[PDB]
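Only one chain comes next, encoded as C-alpha cells, the form deposited in one PDB entry.
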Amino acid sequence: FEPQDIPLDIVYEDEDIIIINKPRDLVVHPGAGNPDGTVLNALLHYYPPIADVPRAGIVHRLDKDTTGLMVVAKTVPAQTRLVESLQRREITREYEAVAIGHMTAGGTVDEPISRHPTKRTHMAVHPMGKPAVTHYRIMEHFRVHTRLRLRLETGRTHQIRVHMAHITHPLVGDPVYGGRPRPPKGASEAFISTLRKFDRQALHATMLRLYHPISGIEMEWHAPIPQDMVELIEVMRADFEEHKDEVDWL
C-alpha cells in the first residue's frame, strides 16, 4: 500500500469527492495477483492525505478491464456517507456493454451469485449463492451481437459479466465467461480482426449519479465509451448494414 506514480483521469473534484474515469488494465484495490499498481496506489500518490481515509476513499469498484466512472471519498465523513448512500442504492451507475448473440428484448437477470467451487478466480450463478439483480435494455441491434445499457440493484464481483453469460449472452471480449468464441460467418476481415484484438469484456460505466455527501446536491457525470468499444461498435454496425443490404437492390 505504497504511493505509486500512476496517472488518473479526474473528471471532477471538489473538497470532498473525486470522480475518475478508469481505463482498462487497472485494478482498483490490491489483492491476490495484484499487490500494487492499483487505483489505491495512484490515489496515495495523487493525494497522500487520503491515507487517513478507510481504503483510501474507495467506496465502489470496477474490474481491472472494465472501464468507467467511479467516485472516491477524500474525507472520512464523505466516505461514511457515500458508503451509506451506496447501500441505500442512492448512487446510480449505468453501464454500456456489447454482448454476444442477437437479443430480442431487454430484461432482468435475478440469479444468485457465488464463488466458483473449482476455479478460484471465477464467480458463478448458483441457487445457493447470494441474491443478485441485473437490469438491461437493448440500445442497438447488430447481426449476432447486441449493444446494451444496464443498471443494477446489487453490485457483486463480476455480476454483469456472469449474469450475461448465464443467459447465453456473455460480453464480447470477456476472457473468463466465454466472450471470445469463434467469429460469426460472413464476417469481413476488419470485423474478424477487430474481434481478435478486443481482449477485454465490452463493459463501460458511462454514467454516475449521486447526491453530494456533504451538500446533498444531486450530481451526474457522463463518460463516453472508450475508443476500443467505439471501433468495435462501428465495425459491427458496418457488418449489420452490409447484412441488411442483402436484397435492397434486388
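One-based numbering along the sequence shown. Heads up, when I say rigid core I mean the largest set of C-alphas that superpose within 1.5 Å between the two forms.
Unshown form deposited in another entry; subsequent notes refer to it.
In the overlay on the core between this form and the one not shown, a shift of 2 Å or more in CA position is seen for a single residue of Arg149, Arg180, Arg143, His122, which is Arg180. Relative to this form, the distance between the C-alpha atoms of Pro54 and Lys130 is reduced by at least 3 angstroms in that other deposited form. Whereas the displayed form keeps them at a certain spacing, the CA atoms of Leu203 and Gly179 lie at least 3 angstroms farther apart in that other deposited form.
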